[PDB]
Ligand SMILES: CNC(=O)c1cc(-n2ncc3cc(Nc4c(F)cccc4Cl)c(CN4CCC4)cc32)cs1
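Only one chain comes next, encoded as structure tokens, the form solved without this ligand.
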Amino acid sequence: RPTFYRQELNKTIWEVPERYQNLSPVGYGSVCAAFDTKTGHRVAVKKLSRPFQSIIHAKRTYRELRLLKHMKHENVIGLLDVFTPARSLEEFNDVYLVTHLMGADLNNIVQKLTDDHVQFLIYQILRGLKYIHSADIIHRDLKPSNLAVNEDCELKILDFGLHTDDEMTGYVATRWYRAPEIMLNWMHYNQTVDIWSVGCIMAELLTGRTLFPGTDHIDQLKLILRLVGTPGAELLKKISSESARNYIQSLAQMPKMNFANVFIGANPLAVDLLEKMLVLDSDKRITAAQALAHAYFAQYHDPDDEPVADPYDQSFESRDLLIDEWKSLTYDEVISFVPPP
């Protein structure tokens, strides 16, 4: 067990191992930047706020720790350390998570981007997604502010979806990248919702403009259906709510637009890929593994260097436990953590 030291920074007590120095507040928890003297990296240290206050919060704390401990891929955020100052389960109350400190996100770039930049950035998102989806994990919240990018144009996916009603209302970027079947609760969704988000991000890199900046859910749906067309009978059969089906059928029918006349002057191979991502019926969207083999990425695709994940057991999600049982499971995962090389 390392030696810990305590200090108050901006109304909160931080008790951390000596290896972490020069803590500086930066921003579910509070975050400080710090220098990790054991590894030489600048890191983000997050102190979770009230991690075990309710059953829902205790289970969410466990879910986040299990997910971050599993993610080991060049294009996905990983866990550098996790610690508690508690010496026993009986006094266990606080959880601290340590990751690499991220500078710019895709917004702080979306600069002057060549087609070669768009190829490389979208390739890396799909490479990370192939890995995430191979573990039957759905990210659910892909958008430019959840993508870290450095000076060398290298990219990492972060901030997995572990959002409320008010957060999704009105003219808000939190909703502009969401697939329509989850925005309006049409059906049980699956990993294909993430590919819809990649399509929205790719279109924005190519044009410099948000693809579907709706002023509310309904305005956004109208923008979407004007581009991709209104649904046919095949998709309508898959929407569970009779009211939602009734609303769809109240709209005048529209054909799918010509994407070459929307994305004027774009690489024809980029146009072709966008048509395969932005498909209304989620069953028919291209998958991440299929998209990596698309000719738009010929310059970067290497099927021997696009790895999949170890199997991931999510059976805990259907388990009904008490607060102190979720807390003990979390404690076990903190003390069994093994750092990366």
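Heads up, when I say rigid core I mean the largest set of C-alphas that superpose within 1.5 Å between the two forms. Throughout, we count residues from 1 along the sequence that is shown.
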{"item": "Segment of greater CA departure in 6 other deposited structures of this protein, 237-245 or 87-95, core superposed", "value": "237-245"}
{"item": "131-139 against 100-108 - segment lying farther from this form in 6 other deposited structures of this protein (CA RMS, rigid core fit)", "value": "100-108"}
{"item": "Missing coords for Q253 in a third or more of other PDB entries", "value": "no"}
{"item": "No coordinates for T164 in a third or more of the other PDB entries", "value": "yes"}
{"item": "Deposited residues omitted from coordinates between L162 and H163, as a class", "value": "1 to 3"}
{"item": "Interresidue gap class [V110, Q111; deposited sequence, unmodelled]", "value": "1 to 3"}
{"item": "Per the entry, higher mean C-alpha B factor between 100-108 and 153-161", "value": "100-108"}
{"item": "Stretch with the greater mean C-alpha B-factor as recorded in the entry, comparing 240-248 against 141-149", "value": "240-248"}
{"item": "Which of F259, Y189, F120, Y171 ranks first by CA B-factor in the deposited coordinates", "value": "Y189"}
{"item": "Candidate residues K69, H294, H41, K59, the one whose C-alpha B factor the record puts highest", "value": "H41"}
{"item": "Third of chain Cα B-factors occupied by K284", "value": "lowest"}
{"item": "CA B-factor placement of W14, once the chain's modelled residues are sorted into thirds", "value": "highest"}
{"item": "Third assignment of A309 from its chain's C-alpha B-factors", "value": "lowest"}
{"item": "Record-listed C-alpha B factor of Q290: chain third", "value": "lowest"}
{"item": "Cα B factor band for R50 (lowest, middle or highest third within the chain)", "value": "highest"}
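The same protein also exists as the form deposited with this ligand bound; that form is not shown, yet it is the one meant from here on.
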property: Shown-form site status with respect to this ligand as positioned in the entry with it bound after superposition (2.4 Å backbone/C-beta criterion, 3+ atoms); result: blocked
property: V172: touches this ligand in the entry with it bound, heavy atom cutoff 4.5 angstroms; result: no
property: This ligand contact at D216 in the entry with it bound, heavy atom, 4.5 Å; result: no
property: Close approach of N146 to this ligand in the entry with it bound, 4.5 Å, heavy atom; result: yes
property: In the entry with it bound, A309 touching this ligand (heavy atom, 4.5 Å); result: no
property: This ligand in the entry with it bound: contacted by all of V31, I77 and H100, heavy atom 4.5 Å; result: yes
property: Residues from 30-57 in contact with this ligand (non-hydrogen atom within 4.5 Å) in the entry with it bound; result: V31, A44, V45, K46
